[PDB]
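In what follows, one protein chain appears twice in different forms, each by itself as structure tokens: structure 1 and structure 2.
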Structure 1
């Protein structure tokens, strides 16, 4: 499965062998980055070059007349790799590398080019910025998948955002950035350095010069594309006239003055329809006043959304140019306890002409995001032929060949975001969703359930456990495994709980049932400890997994079978589904050093120093470290733990 799929492919159902002896025509005059790839890969004539080179004159009418276009031919007599331009030749080679299987090439002719001009990744999330090593890995991944754009803009980099956007990077970070630009250039990626000055920018000469001064420093490190972001700010930095004037100044005094600057992009304050005032002048001001070479970014009809024909028509009409899409998936920075490892879908596949670019905002988990990134690369290059599920499967097998089926199992049940303030959800566990939904309907109402449905759930829990143990021990992609490990532990526990809960449904005798029930309570407690010890970030601490379909099913099944046990044996077993050490009909929650009522008396499991209490029917009272176990009366106690 060539990824991205070429615009045009004719296959001959013959194969040849990579020539053991070959003649290379055009090596000294073709893109040096393309020649190095070809030489790594390896008489029969092999012709490599860009349109205009002597080496490729015979094929000049086969070469697509598109930026980043190429002609690739393999037959009995010869191999041709001909770009419309240097980047096209590199890309011919990336397709060539995928065709070569076990010293053998199929007989093929390809004519190819991208449908969207700018394709790639914006590292533009809140959270821990990617590591240097992660970024190096990403850049190489982008070259293989024909992504030409990497926008550097981590919200939490103090040299990118306020107030230290004014300061040059220190030497060590500066040397790192320089290395990234070198590696980007080698993989035919535009490194686009972004700045986020809007929260404390003064519209004066001092701050304008400081911004230009910073861009000059980045230029000296080798940066040749630049962005200015005005997202998620308030105050005087939201002024569109001043924003347009600053960007026009950067364009006129810097972008159009240097010998070799490429992209100049801006992200607006009104960056989606819901955040834009239909009766305000903001977007029209930018559209009218911004120099026509400046790109304007857009996230769709909401902060988190997929791109539709109508939504993009709306923005394009106002900004008077095709929108440069900032797509907010798989970014998880607002559901930080979830991994979003499902397929890329929901974006209109017929609107390439209406966009100047398409970039993905990924997770803080660099390797994990490669599933979506590979898929966005495929989509943006050939939207017409974009295949959601095949691409997801191809991504997984690329990322983890040694355990592709195991990663598919884990990813397929780690796709949804759960409820959230952005209203954005994805499908999860759809394969088993109907079996789950039947089983539980039947079971809850005392009608007999189908054996096949019970077996399906059983098979699922078994395969999850296998997948988890195998993924833990995988050494093919260590950085991926480090990223997901906490979720994998939680995924195994979920599967073990499901297995035990189903043995309870098969309920042999009272004694066996009680063993199973006690095993389940222990598993709940183990899940709570992971949720409190792993991924303890300030915003959505912990680890959630298989949340849309599997966890609800296991929970409701458990509560149901305990209710029936209590009726049959006149018993009083606790049917609660999440473990909670503190006692309070709403469920308590524990988040860091807070104990919380999910929106009279609370008894903690020990005496703690009390920090404060926040109630809300903004009530507040510090407890000055006063010992506290009981608390009688949002509703949030904070304690020293801490």
Structure 2
């Protein structure tokens, strides 16, 4: 059955299916977007017959090939019309990017050499959609970035804001310097791949550290050299700046200057974006001037980034009106999820939710700040893509499952299990939390409650927990050895080990609850203690960083259930046999 991510604006399925044609005639192969034609030719290995076979027509509005279907093509940037029936196939973009988007949709329809009969009219609700490379921690590799960009094109994200922290040429002081040949050629390769995948490579300059005519000049000259390298989209960051540099009139002046002498002078600049000094409502001064002045003086064609009501927050109608009213334009949203650079011992693999689905007209852009774990971030990235394309049809849970099935088809259920219990951030200085382990929350609560007050627990809840731990160990072991996405596995390995140990500990603790005799109980107790020690070992030796070192997993519901069940059963044991076992859950070498 027809599943499409992102879901099209309009879709009609006929409940018939046609074969991908053995023999086809291609119309418009020459005048249509070469990137789209390339995908189409990839999917086709029947024979191009010049006078026979099923017509396939590909083109942008105004091409000869799609003249007949012009009224069906949506009048929206990046829009397209796609049609499949017995007679013919139509892939008609409103523009070149739209034709490519058609083809991305077409590739998802094609299953086992068969196509549904369908008619689609489609376009994005939000103008700019993608990823800002905006996390602290170990930068992504070159290969990681190439793989991201291909994923962005598949999910119709048109925006990549480049900024690896190990590249000094977009930061102080080296922003003034041209890229040396080797680095330039690498960035060049990113640009080429971004272009092939219809993604805007947005080169971000971060000069905030370092206001005269000559600084203005050097920036403009640098922008020019990045143009020669093939860059067509640009961002200027002021999150960074202090003192005089925080003056919004002077920020506007430089940006309006860049617009006039560079962006308006070139034939083909797409995005010009700035990040303001006050970038969320919490960190702005209600008693000050900065956002209204920016909104007044900054040219209308320049985007202003915004994180919402707080630095980590989900965007609401009230939030978006607050900012738009000040900047006098639709805010370009920077969403600080799934970035984990302030909770580095946690993976954030849960669904994308919380953003208001009715406000697409009030946002110019929506970009996600991801984790230092590139592959792992694809779960949220795919979901963001889906949300930003079609927010009205956004389905958090189905999109989450679809992302997981896309990223790891050979072990989707196992990754779902792992991801379900690795979602929450735990307590943190931003107060931002996510749900986790919702499937077993009721079983866990009722189990604890009963076990607490020396009332009997339900056998079914015991079994649910038992089943959960068994499933976690199966999932951990299958994921560790999975070779379909080795980079993914490499990223999560430390947590997978910790997650397996958590499950083993849970099983041992359940055996203490059933405790048949004193000797068996003591065996399980000693095993639990040794497993706690291994978890500390991993916590002390993996993922070491100055900020949140180590590895935490299943922290919201599962680990606390195990900890409390352990402390309770040990206290019961101590009372019964008049013993003095340590009931604590965090072992300690001192």
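Residue numbers count along the first chain shown, from 1. Just so we're on the same page, rigid core means the largest C-alpha set that superposes within 1.5 Å between forms.
Residue showing a CA shift of 2 Å or more between the two structures (rigid core superposed; candidates 140, 320, 132, 166): 166.
When the rigid core is held fixed, the Cα atom of residue 237 travels 2 angstroms or more between the two structures.
Relative to the superposed rigid core, residue 343 undergoes a CA displacement smaller than 2 Å between the two structures.
With the core superposed, residue 213 shows a C-alpha displacement of at least 2 Å between the two structures. For residue 155, the Cα deviation between the two structures after core superposition amounts to 4.8 Å. Taking the core as reference, the C-alpha deviation of residue 247 between the two structures is 1.1 Å. With both forms fitted on their core, the C-alpha atom of residue 257 sits 2.1 Å from where it sits in the other form; this compares the forms between the two structures.
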